[PDB]
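Architecture at a glance
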Amino acid sequence: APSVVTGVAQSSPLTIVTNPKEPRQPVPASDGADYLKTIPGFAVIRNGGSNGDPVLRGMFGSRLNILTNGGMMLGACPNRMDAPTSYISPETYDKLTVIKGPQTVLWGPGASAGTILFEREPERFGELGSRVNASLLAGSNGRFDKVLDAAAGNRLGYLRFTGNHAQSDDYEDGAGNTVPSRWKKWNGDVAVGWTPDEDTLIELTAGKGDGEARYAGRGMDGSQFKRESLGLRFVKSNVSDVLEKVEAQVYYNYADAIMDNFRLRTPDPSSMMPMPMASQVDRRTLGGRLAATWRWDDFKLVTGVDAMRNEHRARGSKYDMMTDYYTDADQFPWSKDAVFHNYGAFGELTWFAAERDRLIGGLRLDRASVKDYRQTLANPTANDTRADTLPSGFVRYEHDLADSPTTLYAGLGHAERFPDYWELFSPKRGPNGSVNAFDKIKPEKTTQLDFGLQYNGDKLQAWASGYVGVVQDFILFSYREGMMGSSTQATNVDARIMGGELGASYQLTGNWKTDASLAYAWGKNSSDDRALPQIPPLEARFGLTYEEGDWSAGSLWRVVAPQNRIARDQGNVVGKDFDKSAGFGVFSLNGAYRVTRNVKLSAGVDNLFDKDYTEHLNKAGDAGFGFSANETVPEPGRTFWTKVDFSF
Ligand SMILES: [Cu+2]
């Protein structure tokens, strides 16, 4: 029976696995963050119509470790207008995996909050054959998506093409105002795979993508988000009796971004930027991974190394005051400001004691350097390099109850994250006493305890996952004051965090089903005896479902508490806290019909009751567009969408 997705269970301890090709009930804006909105734990900062910044249990930014096909794609805007999830079209992947908390060491450094894994799976052709999947979505406000996934091959290897094109106009809020929010996005990507015998795979991949998006939050819109990307991966299997797998992969991703104030808006003569202005930035990322999995019937061991160089450059437009001329950014040389390296080694080990007891541990050690290539701002850290060695690891114990189909789990984790591009270069001020941020921001050290349970019964599925943690040298942003616009200062503080997520799924009759989910996050700034900023409020979802093995309808109610813990004028590189937030409820409806084996119809109405509201985390709306300099960007009002999936 064909459904429409509205939440995801925790399928295993701390681990959520979904297929991002299923329709989702608050229809996602064709980016990475909106596909995480359905998973309890995740909030999204809103910037406009798309390209939100994702947040997991209140943690922001590089604390989330988002990988696409094992590789890592970093954007270039100093103010994270193109966060790593903005280059992702989840409709083109096949699997989405979320691992909550510092509880894997297999996928790179600094995963304090969690790991997110969008991946393509290799084809499985036997005889000579072909396969086409395609989808079309029309919705309110000029929403149109077009998605294609096609492949061909036999048992010796395959060609696969995936690609999408998606766009929408400005949406409107619960009060009929239109919000600066149009966007456009395309992606094209090729993969060639060689399977010379059943144990061997060599796959080669490349693609490009591009997009634009109007940003209600910011003083500039994204007129270009160019992506060029390349990858190679080698996998052998059954190398020996113990050696079960050897994986090597190299990835190259390149981001090339243009933000300006004149292509998607007109400059605004009251603001700090009253003339046409364009900012061009790029980000070149090269990395790879080598890994061996060993298996001997009571133990599994995975050992590997991984590396990563990333480079960052900028160049602006000019504008002559006495001529009204305007020279563009591409008429000038790129100016490097930062290069980052990381090398790491890792080991993860599982013990299958009995069949109701499981022990997992992992360790990883990291060498992480950054060089500051800025010559001026003169620059007291010009051409300075700095590094650190960061041990990280975790232990998880899982035990199944002999009685019921219940699983309990507890785990302890410790993660050290080196500061990222935004934490060292983007803040105009560093800590009191510092020459700048690059010199003094210390790495972040998180120590967290994760616990929860699973119940998979006949009519009743349920899961919970809680966390408690301290964070030493949490990298906090303080906007505090303005002097020519708002300027930030990065600092290090100690903090306490705690929260959890739970959910439940009950089968009423054979056709009727209802589910629920709750998500909480709490955070204290222990160094200053106040709350942590940018924490989302407690939130709850209720769904009702009718399936008749041919077609289904669904109802959804999202209920969100107010947030009364705020730390005004503090936050991250993207947003600051200003006001306690109002709660709200939003109701939604969906159906689905299987027309034939190949053609599946879906449709929904989002926010049926046209609620006027704003999430706590959304950006502070511009004021060049009519906002009171602090009101946050409003969520869309009533919206309809319809989608056809065909798989011939
Ligand atoms: Cu920008």
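Residues numbered from 1 in each chain as written, not as in the entry; some residues may be left out. Heavy atoms only, no water.

- Header annotation of the entry names X-ray crystallography as the structure determination method and lists the resolution as 2.73 Å.

1. Comments concerning the overall build of the chain
- Assigned secondary structure in the chain consists of two helices and 31 strands.
- Against the 2.2 N^0.38 benchmark of 26 Å for 648 residues, the chain shows a C-alpha radius of gyration of 24 Å, consistent with a compact globule.
- Overall, the chain is about 75 × 55 × 55 Å in size when its C-alpha atoms are taken along their principal axes.
- Among the 648 residues that make up the chain, the fraction classed as buried is 55%.
- When the accessible surface of the chain is split by element, carbon and sulfur atoms take 57% of a total near 27100 Å².
- Each charge class in the chain was averaged separately, 72 positive and 81 negative side chains, and the resulting centres sit 2 Å apart. (Helix = DSSP H or I, 4+ residues; strand = E, 2+ residues; numbered from the N terminus. Rg over C-alpha atoms; globule rule 2.2 N^0.38 Å. Buried < 20%, exposed > 50% of the residue type's maximum accessible area, 1.4 Å probe, protein only. Areas by Shrake-Rupley, 256 points an atom, 1.4 Å probe, with all protein chains shown as cover. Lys, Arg positive; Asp, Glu negative; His and termini not counted. Charge placed at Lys NZ, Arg CZ, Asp CG, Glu CD.)

2. Description of the coordination of the copper ion
- Within the protein, the copper ion binds to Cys77 (SG) and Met259 (SD); these donor distances fall in the range 2.4 to 2.5 Å. Of this pair, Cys77 sits in the loop between β5 (64-68) and β6 (95-100) while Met259 sits in strand β14 (residues 243-260), and the two are 182 residues apart along the sequence. Take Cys77 and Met259: they sit in the same class, and that class is buried. (Donors = N, O, S within 2.8 Å, 3.2 Å for Na, K, Ca; no water.)

3. As for the nonpolar core
- Membership of the largest hydrophobic core comes to 26 residues, with the highest contact counts inside it found for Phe42, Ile116 and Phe474.
- Elements supplying a minimum of two residues to this core: β5, β6, β7 (114-119), β22 (460-478) and β23 (489-507).
- If you look at the next biggest cluster of nonpolar residues, it comprises 24 residues, including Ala43, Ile45, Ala338 and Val573. (Core = buried A, V, L, I, M, F, W, Y, C linked by side-chain atoms within 4.5 Å.)

4. Brief notes about the packing of aromatic side chains
- If you walk through the whole model with that rule in mind, you get 16 aromatic pairs.
- Taken together, a centroid distance of 6.4 Å and an interplanar angle of 90 degrees make the contact between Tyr87 and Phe225 edge-to-face. Note that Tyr87 is positioned in the loop between β5 and β6 and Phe225 in strand β13 (residues 221-237), a separation of 138 residues in sequence.
- Note on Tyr87: relative accessible area 8%, which makes it buried.
- Where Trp296 meets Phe299, the ring centres are 5.9 Å apart and the plane angle is 35 degrees; that geometry is what we call tilted.
- Judged by relative accessible area, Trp296 falls into the partly exposed class, the value being 45%.
- One aromatic cluster in this structure is built from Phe340, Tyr421, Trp422, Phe425 and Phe438.
- The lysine or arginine in question, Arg568, covers the ring of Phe578, its NZ or CZ lying 3.8 Å from the ring centre. (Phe/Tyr/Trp six-rings, centres within 6.5 Å; stacked < 30°, edge-to-face > 60°. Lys NZ or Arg CZ within 6 Å of the ring centre and 35° of its normal.)

5. Focus: the sheet that holds β5
- Taken in spatial order, the four strands make up an open sheet running β1-β6-β7-β5, and their pairing is mixed. At either margin of the open sheet sits one strand with a lone partner, and together these are β1 (15-18) and β5. On average, each strand axis in the sheet is tilted by 10 degrees relative to the strand beside it, whichever way the strands run.
- In this sheet, β6 lies alongside β1 in antiparallel orientation, the contact comprising four bridges. Bridged to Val17 within β6 is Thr97. (Pairing = 2+ DSSP bridges. Axes fitted to C-alpha atoms, helices over the stretch in contact; angles between N-to-C directions.)

6. Some points on empty space enclosed by the protein
- Quantified by volume, the largest cavity comes out at close to 800 Å³.
- Per-element tally for the lining of the largest cavity: the top contributor is strand β2 (residues 42-45), with four residues.
- Classifying every residue of the lining of the largest cavity by side-chain character gives 19 nonpolar, 19 polar and 11 charged.
- Computed from the structure, the second largest cavity encloses a volume of approximately 620 Å³.
- What lines the second largest cavity is a set of 38 residues, and nearest its centre among them are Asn65, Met72, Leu74, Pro109 and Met308.
- When contributions to the lining of the second largest cavity are tallied by element, the ones reaching two or more residues are β5, β15 (278-295), β16 (299-316), β17 (335-351), β18 (357-372), β20 (406-417) and α1 (421-424). (1 Å grid on protein atoms, 1.4 Å probe; cavity = no way out; pocket = protein on both sides within 12 Å on 5 of 7 lines; lining within 4 Å. Points joined across faces, edges and corners; volume = space filled by probe spheres on them. Nonpolar A, V, L, I, M, F, W, Y, C, P; charged D, E, K, R; others polar.)

7. Observations concerning the pattern of salt bridges
- Tallied over the entire structure, the rule returns 51 salt bridges.
- Taking the shortest distance from any N to any O, the salt bridge between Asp34 and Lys37 comes out at 3.8 Å.
- What makes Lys37 partly exposed here is its relative accessible area of 26%.
- Measuring nitrogen to oxygen at the nearest pair gives 2.5 Å for the salt bridge that ties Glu539 to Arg541.
- Among the residues examined, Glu539 registers a relative accessible area of 10% and is labelled buried.
- Taking relative accessible area as the criterion, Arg541 reaches 12% and is therefore assigned buried.
- Connected via shared salt-bridge partners are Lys21, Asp94, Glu123, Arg131, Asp149 and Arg160. (Salt bridge = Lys/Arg side-chain N within 4 Å of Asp/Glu carboxyl O.)

8. Some details on the sheet that holds strand β3 (residues 53-56)
- Taken together, three strands build an open sheet; the order of strands is β2-β3-β4 and the sheet is antiparallel. At either end of the open sheet lies a strand with only one pairing partner, and these are β2 and β4 (59-60).
- Strand direction decides the pairing type here: β2 and β3, joined by four bridges, are antiparallel. Each residue of the ladder has a partner; that of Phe42, found in β3, is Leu56.

9. Here's the deal with unusual backbone geometry
- Positive phi, close to 60 degrees, is recorded for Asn238, a residue that is not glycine.
- Phi at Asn383 takes a positive value of approximately 60 degrees, unusual for a residue other than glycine.
- Its location among the elements puts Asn383 in the loop between β18 and β19 (385-400).
- Judged by its relative accessible area of 38%, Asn383 falls in the partly exposed class.

10. Notes on the pairing of strand β9 (residues 143-154)
- Because side chains alternate across β9, one face comprises the buried residues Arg143, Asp145, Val147, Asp149, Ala151 and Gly153, and the other comprises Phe144, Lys146, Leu148, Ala150, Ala152 and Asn154, none of which is buried.
- Where strand β8 (residues 129-139) lies against β9, 11 bridges are found, and the strand directions are antiparallel. Looking across to β9, one finds that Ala134 is bridged to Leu148.
- Counting the residues that bridge the hairpin from β8 to β9 gives three residues, and of these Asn141 lies at a positive phi of roughly 60 degrees.
- By the bridge criterion, 11 bridges tie β9 to strand β10 (residues 157-168) in an arrangement that is antiparallel. Its bridge partner lying in β10, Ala150 is registered against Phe161.
- In this antiparallel pair of consecutive strands, β9 and β10, the connection spans two residues.

11. Examining the environment of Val8
- The topology assignment puts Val8 in the segment before β1.
- The exposure class of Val8 is buried, given its relative accessible area of 14%.
- It is 9.7 Å that separates the C-alpha atoms of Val8 and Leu36, two residues lying 28 residues apart in sequence.
- With residues near it in sequence (within four places) discarded, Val8 still touches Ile16, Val17, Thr18, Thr38, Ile39, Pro40 and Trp463. (Contact = heavy atoms within 4.5 Å.)

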